[PDB]
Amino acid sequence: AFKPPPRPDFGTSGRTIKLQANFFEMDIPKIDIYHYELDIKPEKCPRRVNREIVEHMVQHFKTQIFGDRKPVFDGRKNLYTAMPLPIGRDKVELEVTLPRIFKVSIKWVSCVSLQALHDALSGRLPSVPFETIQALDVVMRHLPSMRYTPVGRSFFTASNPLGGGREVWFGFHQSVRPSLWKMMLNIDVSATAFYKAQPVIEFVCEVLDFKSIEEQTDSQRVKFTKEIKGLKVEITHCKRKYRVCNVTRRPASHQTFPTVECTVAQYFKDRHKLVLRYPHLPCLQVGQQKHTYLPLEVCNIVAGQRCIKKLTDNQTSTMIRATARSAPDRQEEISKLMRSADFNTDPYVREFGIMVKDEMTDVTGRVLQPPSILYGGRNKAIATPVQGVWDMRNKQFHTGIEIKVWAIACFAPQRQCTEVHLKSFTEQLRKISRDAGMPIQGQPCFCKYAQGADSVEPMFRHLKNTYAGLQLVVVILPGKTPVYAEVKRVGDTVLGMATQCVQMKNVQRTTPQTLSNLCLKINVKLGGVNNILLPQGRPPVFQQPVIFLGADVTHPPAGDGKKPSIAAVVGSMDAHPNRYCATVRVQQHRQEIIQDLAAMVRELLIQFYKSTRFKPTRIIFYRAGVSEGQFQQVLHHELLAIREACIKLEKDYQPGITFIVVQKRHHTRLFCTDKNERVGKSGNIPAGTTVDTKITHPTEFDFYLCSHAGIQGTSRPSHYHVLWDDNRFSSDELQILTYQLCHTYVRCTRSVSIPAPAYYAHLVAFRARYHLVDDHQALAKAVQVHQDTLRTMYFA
């Protein structure tokens, strides 16, 4: 129960499309790579000066240890060589000096056989060695980590003015991926926020938005102090780099330091012969304790400093304006970047005998045919998705709900969301819903104004107690408010009442589209069915009872608190499959693995038996969030749990489980070779594009699928990896099943980027966050919904 099934076959269904994946062919030898561990004298050091130290070391020990040989360096504690150093395997101490004295230690750790990697790529070995991948990646990263500024898995460089005292930098993501019979170099383009190489005296003017310096409070000092504290600066009156720790209250004119107290102005006047044209401005507290103060005039901001401070609205907007590119642009500039590749003249790449193809990889894709969408009414219209999108016009819900009793709680200020607004909104909404097959019969039996979160619970309690058969409460909100979270908390977990929140700006002005989507959400929330997949147009999987599960875990920031990770698992409740039930669990901080999964799956199965009056003969389980290195872990526990949930349900019940992982967190971009295939303004690949060759895993069952229409930028094709399969799916059947499951998402009239169960799981998970706001098992009750909410699709 810990070995993923091999690729059963390749796919044939769909229309052929000629693509180009941003992968580049790598030719690697079968040599043994020698791995050494390093340790520098200052255990805490910037990863750049570590590289400088290492290269200085390699250069200054050419007659004793190194020579023609060039070792690649991880940046932390790992060094790699193509051939064994004349060191043996015992620790060796070497002194290195820099324009300071460093003492490094090198010791052999292991050997990295590329032959094993070759066997893995050929299928001789079922599993791929990780150390090989890591080593190769280090080799590829060495030089660009020296010539450029490494951030995560990307590299950045300068020459873009933003204007927030910061600049925008462009760069490229680079990783190494195993393929069939070969390794691939994955290059993609990216950008990030940096600090502009400025003189501090102008950085002040940018931060406070003074036009220049000629325009001469305490708050002005504080706001600058926040932005500058923690950054590095360089001396211009000699070179030497420091780190800003604070900003003065005493200007250089009236600041003193040791003993005879000399003023910074007078000190720079006597010692540094500087006029100091700005004697009145604050002084940069540098180092610590001991006074080391330097005025703004002599200080410049060092280049290459990344920003972490959350971006201003204008920063984000401007950056998107300066990053927004259609697929052909990204493609062309990636090609442009690999025109400058020249990996065959990079001495470190040459060292390990590696070659890289300077042209993008040609992969062949198949555009799957979209499923037919069935609607209800007496029209019984059948919608056909064109380019991943169909329409909600001249069509009625498959199963429309009659809203007989509903209320309106407006938490927006009465002045901004007036009565005429509410009345008109009601009229239009009732029209749209009437045409949608979800007739809102009468006027709202209740429509009042409220304010603050504290009014939520007493109000809803009044609504539920007073009005018989209350189905829905429409909640008008004045933008971002704690009122939303309170409304969801009370409505979903406390009282069990259906809820639709609406922004006031969407009430002030009517839009048939917005009202339509609103009606979708309302209909679903009230227990209705918007549409179903055409039963005739479905894979044979549905010939037997089958349940579809989705699962997702979200985590709090890594730095703090007992803040728990929350796991959500949803499951289909019909053989369409349209209706889903949700289960939530609070679990240990930062653990990407579902522990209570057995109980949750048990609950979902029990609900399935209560609904269909059948037992699922198959279990199609989509899970999102799990990365590669976690597979063996996840697949070990969760799978068992599922089986546990099957064996503890009844005595000999063991349905065929299909464990599939979904990820968008990758840089695999697919482009059109034929410009006539480019869809839309962004020129992305058509919805339904499937790739299962060339750039995929050499042994195991996985495939790329882009099931959505790309509106802006470059599409992110979802990657699917099959970790288990008792049902023994063929490639085509599973790809098609996934594609059609992408069409069962109720919140819109589109095919989304991932299957509906995973998406729902994400929604429920995100909802739990709102449920938690204002000891483990205490408010683990906070994420549990009401008895009248359990079986509902409350999660929008």
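The numbering used is simple: start at 1 and walk along the sequence shown.
J.: From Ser159 to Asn160, how many deposited residues does the entry skip: none, 1 to 3, 4 to 9, or 10 or more?
T.: 4 to 9 residues lack coordinates between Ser159 and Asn160.
J.: If the chain runs straight from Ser340 to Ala341, say none; otherwise bin the unmodelled deposited residues as 1 to 3, 4 to 9, or 10 or more.
T.: Gap between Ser340 and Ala341: none, chain continuous.
J.: Averaging C-alpha B-factors over each stretch, which comes out higher, 555-563 or 88-96?
T.: Stretch with the greater average CA B-factor: 555-563.
J.: Hey, which bit's got the bigger mean C-alpha B factor in the entry, 303-311 or 147-155?
T.: That would be 303-311.
J.: Which one of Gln369, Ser433, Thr690, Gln266 shows the top CA temperature factor in the record?
T.: Highest C-alpha B-factor among the listed residues goes to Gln266.
J.: If I read the C-alpha B-factors straight from the PDB entry, which of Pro178, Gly230, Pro545, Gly479 is highest?
T.: Of the candidates given, the C-alpha B-factor peaks at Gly230.
J.: Tell me, lowest, middle or highest third: where does the Cα B factor of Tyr794 rank within its chain?
T.: Its C-alpha B-factor, which the entry lists for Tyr794, ranks in the lowest third among residues of this chain.
J.: Lowest, middle or highest third of the chain for the C-alpha temperature factor of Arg249?
T.: For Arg249, the deposited C-alpha B-factor lands in the highest third.
J.: Should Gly527 be placed in the lowest, middle or highest third of its chain by the C-alpha B factor in the entry?
T.: Within its chain, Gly527 is a lowest-third residue by C-alpha B-factor, going by the deposited values.
J.: Lowest, middle or highest third: which one holds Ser335 when the chain's residues are ordered by CA B-factor from the entry?
T.: Its C-alpha B-factor belongs to the middle third of this chain's values.
J.: Check where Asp119 lands among this chain's C-alpha B-factors and tell me if it's the lowest, middle or highest third.
T.: Middle third by C-alpha B-factor.
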